[PDB]
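For reference, the structure is listed below as structure tokens.
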Amino acid sequence: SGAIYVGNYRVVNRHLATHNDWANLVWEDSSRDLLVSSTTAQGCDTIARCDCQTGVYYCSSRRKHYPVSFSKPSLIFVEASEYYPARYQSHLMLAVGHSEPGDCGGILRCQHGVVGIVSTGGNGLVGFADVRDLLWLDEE
Ligand SMILES: Cn1cc2cccc(NC(=O)Cc3cocn3)c2n1
Ligand SMILES: [Zn+2]
């Protein structure tokens, strides 16, 4: 589990969104595994605006933050889980790292701020849904 809290937005994995998220919806995209809902309180996270390929992510199944090298956001075939049919997921970055399901939501960050959130992985893979192209998260 986990979310990004930027401005009056809450960014979560679409597959983990609550009824309150869907009732206060700003934007969602199944192909990216992302959903954004509105918040009453202002958040403290800042979004990175860059092309970094190194950063650190939080792994809840280890209680640890790990430094990683990750690929640029791409269209990747991901295997069937309980949440999606084997399909192509867009705007996804991969790194080598310990992952399990309930880790989705952990933040990946670089020197500029939050890069994305955990979404896919297994066999020492961890896939992050990028948010750096969502420039509108910084306004309104
Ligand atoms: C971090 N992590 C490890 C996983 C192992 C297996 C499945 C994962 N992801 C999901 O269930 C969510 C999903 C995205 O696209 C399709 N399904 C994993 N995430
Ligand atoms: Zn960066």
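Numbers in chain A come straight from Swiss-Prot, and the residues shown are 869-1008, in order.
Each Cβ is built from the backbone N, Cα and C atoms, and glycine gets one as well.
As recorded in Swiss-Prot:
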type     : residues                       : note
ACT_SITE : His883                         : active site, for protease 2A activity
ACT_SITE : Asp901                         : active site, for protease 2A activity
BINDING  : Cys918, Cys920, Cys978, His980 : Zn(2+) 1 binding site
ACT_SITE : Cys972                         : active site, for protease 2A activity
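Feature annotations (Swiss-Prot) mapped to structure.
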| residue | record | Cβ contacts under 8 Å, 6 or more apart |
| --- | --- | --- |
| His883 | active site, for protease 2A activity | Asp901, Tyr951, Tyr952, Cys972 |
| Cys918 | Zn(2+) 1 binding site | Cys978, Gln979, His980, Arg1000 |
| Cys920 | Zn(2+) 1 binding site | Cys978, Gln979, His980, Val983 |
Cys978 (Zn(2+) 1 binding site) - helix vs strand vs coil (DSSP): strand
Recorded positions close to ligand 1 - of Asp901, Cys918, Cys920, only those whose C-beta is under 6 Å away: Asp901
Cβ under 6 Å from ligand 2: qualifying recorded positions of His883, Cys972, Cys978: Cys978
Least buried by Cβ count (within 10 Å) of the recorded positions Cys972, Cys978: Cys978
Assigned element (helix, strand, coil) containing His883 (active site, for protease 2A activity), judged by DSSP: helix
Among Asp901, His980 [recorded positions], residue with fewest other Cβ within 10 Å: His980
Remaining residues near the recorded Zn(2+) 1 site, that is with C-beta within 8 Å of the centroid of the site residues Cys918, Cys920, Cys978, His980: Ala916, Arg917, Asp919, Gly923, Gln979, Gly981, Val983, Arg1000
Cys920 (Zn(2+) 1 binding site) in three-state DSSP notation: coil
